[PDB]
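Worth knowing before you read on, the calculation uses all heavy atoms, side chains too, and leaves out hydrogens, waters and symmetry mates. Naming convention: chains lettered A, B, ... in sequence-line order (proteins, then strands); numbering from 1 in each chain.
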Amino acid sequence: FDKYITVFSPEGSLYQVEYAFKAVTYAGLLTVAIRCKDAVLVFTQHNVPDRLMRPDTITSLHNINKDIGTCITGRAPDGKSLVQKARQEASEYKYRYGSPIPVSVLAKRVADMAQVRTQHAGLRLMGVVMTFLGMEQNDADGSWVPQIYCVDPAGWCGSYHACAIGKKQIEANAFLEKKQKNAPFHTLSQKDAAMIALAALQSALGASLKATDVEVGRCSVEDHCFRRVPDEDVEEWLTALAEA
Amino acid sequence: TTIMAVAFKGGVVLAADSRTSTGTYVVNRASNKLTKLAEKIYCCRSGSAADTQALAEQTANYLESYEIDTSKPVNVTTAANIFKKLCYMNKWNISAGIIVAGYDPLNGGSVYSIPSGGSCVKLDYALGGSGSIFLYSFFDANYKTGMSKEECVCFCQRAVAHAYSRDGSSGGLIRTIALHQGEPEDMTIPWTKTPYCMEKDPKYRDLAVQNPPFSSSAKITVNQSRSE
């Protein structure tokens, strides 16, 4: 009964929330995000099993507006419904206050959408983790700083230096923890950050990657916009890793 | 107000004056009536400042959403259609004449006119505002298709100067923007460097003879300048 709707079990837990988190791994893909000195990057597996599928129509990355990107991990159509609600939110904010929504504010608004379904009966929770990426401005000096914020099915909202989500996330997080001990990720260049993210994917999947197996997104101090990184730029990061 | 847009080979030029007034007093002498709707699409606004600011902002909001949903840059015809619908649904409660103009790679440079009443007409040039009435004849005599971008900027600057020298409700700066496949180019001419005004035209230097001195003849000569 506690297994079927949002009420508490006797130990204080919510089972539909636990099960919505297994939906995140059931989908079978892995994502990694990392923030370095001047940028934020996100690397997700591009799976095109069927040889007849048109690869440029399958994506886990989307723009919310010009300057904010998302990566969906988990049940794919659930994630597309949250992309549409986030788009609507960012456009209401701009009408009301006359400026584009900051990435920390947007993440909190989507986290509230999720919490409402853990507390009202009759609508299914969405079985996804949404990762949001963007640059944010300081009020002191006016300089811009990259951010990563993740939102989970319970309505939790949090910021990271780097994060792995999906199948074998436990092993990929362990891996990034080790690498962090050498140098904090905010001192690293793009290339060094990228070599750590690609090495973590490979280590956890237990395989070798070509450029066509990963899709990558980026925002930077140089160009605020969220943009897909070209396959040629990724090849050269993988080449650089294969050497060392 | 004097606004206009003209097509050229591969784009458009928009132009305006900078005055906002309550009839006989100037509240702002440096308004900006060329309003951005998307990277390469602008409108020109005439009538009630409050109404045109509000409908431009709403049209821009809808174009930004559309562009994110399709992942492509929008066409001029889509901006004109959205704007037309807002002007037509609210026609009894607003005072607005709009011109929408811009560049897109499907149709090139395009100009649309949306006058009071909410009609939508696709043209080679459009005029609007109180000052337009002074320019119908200027274009009928001196406008040609196929001008270059620099010809067209110069022509529109001259056209705006002629209208504002005769219309009391127009004046101040001339603002222009040119939209084509490259980057947008804005320009502001100050009144002191205007290409035409009555005050510096030599055929209006000498004063009319209205006040001739008391004389023994009916011949009219000069105005009296000193007491007898």
Side-chain angles (χ1 to χ4, degrees), chain A residues 42 46 54-72 77 79-103 105-107 109-110 130 132-135 215-219 223-230, chain B residues 20 28 31-43 45 48-76 78-79 81-87 89-90 93-94 96 98 100 102-105 179 181-184:
Chain A
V42 63
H46 191 216
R54 183 168 175 163
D56 60 282
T57 66
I58 321 303
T59 191
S60 293
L61 300 187
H62 305 272
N63 285 80
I64 303 311
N65 67 22
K66 225 187 167 201
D67 274 4
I68 297 178
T70 17
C71 181
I72 295 164
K80 317 270 175 150
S81 76
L82 284 184
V83 170
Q84 304 298 140
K85 292 187 217 304
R87 275 172 179 175
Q88 182 167 308
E89 195 62 69
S91 93
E92 284 165 13
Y93 182 106
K94 175 105 179 216
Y95 188 67
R96 179 174 313 107
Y97 298 110
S99 202
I101 192 164
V103 60
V105 174
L106 175 80
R109 297 291 214 254
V110 171
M130 303 294 287
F132 298 96
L133 265 83
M135 304 297 300
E215 46 176 1
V216 183
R218 178 175 51 201
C219 306
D223 181 9
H224 290 1
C225 296
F226 183 75
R227 289 192 198 293
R228 283 12 143 238
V229 174
Chain B
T20 298
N28 185 355
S31 36
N32 189 345
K33 287 156 181 174
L34 313 181
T35 296
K36 173 174 155 154
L37 297 175
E39 175 169 46
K40 306 273 188 84
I41 308 171
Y42 279 64
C43 69
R45 300 186 284 108
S48 157
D51 294 310
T52 65
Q53 288 177 23
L55 298 196
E57 278 151 35
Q58 198 172 172
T59 299
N61 187 245
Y62 292 138
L63 289 168
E64 195 186 7
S65 298
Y66 184 67
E67 179 178 8
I68 281 150
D69 194 20
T70 69
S71 300
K72 280 189 70 193
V74 305
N75 300 322
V76 184
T78 292
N81 202 66
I82 286 166
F83 219 133
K84 178 208 150 62
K85 181 158 174 181
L86 293 173
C87 288
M89 286 331 229
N90 286 294
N93 326 298
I94 70 172
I98 302 294
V100 174
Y103 179 77
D104 67 62
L179 304 168
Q181 57 159 62
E183 272 183 54

Structural part of B:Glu57 lying under 4.5 Å from a heavy atom of chain A: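 Neither part, no heavy atoms under 4.5 Å.
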
message: For a quick test of reading the model, state the closest non-hydrogen atom pair linking A:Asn65 to B:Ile68 and the distance between them.
response: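 Answer, listing the atom of A:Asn65 first, then B:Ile68: CA-CD1, 3.6 Å.
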
[X] atom [atom1]: more than 12 heavy-atom contacts under 6.0 Å:
X	atom1	answer
B:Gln181	CD	no
A:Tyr93	OH	yes
B:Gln58	CD	yes
A:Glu92	CD	yes

field: Value rounded to 0.5 Å, distance of CG in B:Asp69 from NE2 in A:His62
entry: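 Result: 11.5 Å between the selected atoms.
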
message: Let me confirm one number: the NZ-CD distance from A:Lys66 to B:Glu64, rounded to the nearest 0.5 Å.
response: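 So the gap between those two atoms works out to 9.0 Å.
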
